[PDB]
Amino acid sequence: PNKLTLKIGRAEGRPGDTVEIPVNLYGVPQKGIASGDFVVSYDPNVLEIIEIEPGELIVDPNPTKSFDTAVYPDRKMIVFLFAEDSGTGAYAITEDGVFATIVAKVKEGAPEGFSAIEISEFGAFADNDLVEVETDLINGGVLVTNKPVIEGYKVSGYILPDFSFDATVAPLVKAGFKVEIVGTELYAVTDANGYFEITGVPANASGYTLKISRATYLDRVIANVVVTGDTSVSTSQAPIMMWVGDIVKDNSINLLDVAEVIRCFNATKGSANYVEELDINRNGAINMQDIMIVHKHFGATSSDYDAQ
């Protein structure tokens, strides 16, 4: 209604989180509010009151002079006092809005659920002529959730090495692709299933650019990944393929690359000439079959991949 209304707000957090519950005044008369008092109750086994910041509504250049609180956790209460301190009505509340912000930590062992903060005792509010004003009260409180809240969206997908290999060895060939979001410090590395997920990605509907990279691999660039919520760039049954054989990193697969494998030709696991990343298919030796993998994309440069 158009009458005066005191309202405890609401908020939510995980245990351990600090939260702010506002206390609002609605229906503040032309004449102004010059004074109020009331008690608010709560559950100290769930919320620990840090402090109570005076609201924007409190306009004394030193709000603490006009506005006061006492927290009594053993009594399970908070007393609120407002007495416009100018003594001339100069600091009366004259607008609807925030009267105070309760600041609380949700205790670490708090139950999930909704914890009520209720106006439990009421004194008075009065206008700038010091005439008491009928007030309407509305409770609130905190929703204690165990749902983890996030820094934003999840970009994820699947990457596959484009070449045959023995299942037993997939864990190795599939892990270790670094996907990074260009222009930022966000990246992720694939797991043994070729799956990556970058978390905490700020919304961006203009699109990001992804850069997939790995030793011995031809760097790939995915442009125009628009993020308006969690995004999946690729799916397991249809991964992003990665071409191997950029051994001398220059974004071309050519003689210089094949040359490096040949320098280790016929080496075996334990052999001195051996070099795991050069055993392309991780079968225990470096031989013509490795070189043939590289030949799959002989002459290729990064630009040669597809844009999508």
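All residue numbers refer to positions in the sequence shown, first residue = 1.
Visitor: Which is higher in the entry, the mean Cα B factor of 144 to 152 or that of 108 to 116?
Guide: According to the entry, 144 to 152 carries the higher average C-alpha B-factor.
Visitor: Would the CA B-factor of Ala285 place it in the lowest, middle or highest third of its chain?
Guide: Tercile = highest for this residue's CA B-factor.
Visitor: Could you tell me which third, lowest, middle or highest, the C-alpha B-factor of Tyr195 occupies within its chain?
Guide: It falls in the middle third of the chain.
Visitor: Compared with the other modelled residues in the chain, in which third is the CA B-factor of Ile58?
Guide: For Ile58, the deposited C-alpha B-factor lands in the lowest third.
Visitor: Split into thirds by Cα B-factor across the chain's modelled residues, where does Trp243 land: lowest, middle or highest?
Guide: As the PDB entry reports it, the C-alpha B-factor of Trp243 lands in the lowest third of its chain.
Visitor: By its CA B factor, does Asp127 count among the lowest, middle or highest third of the modelled residues in the chain?
Guide: CA B-factor rank for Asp127: middle third.
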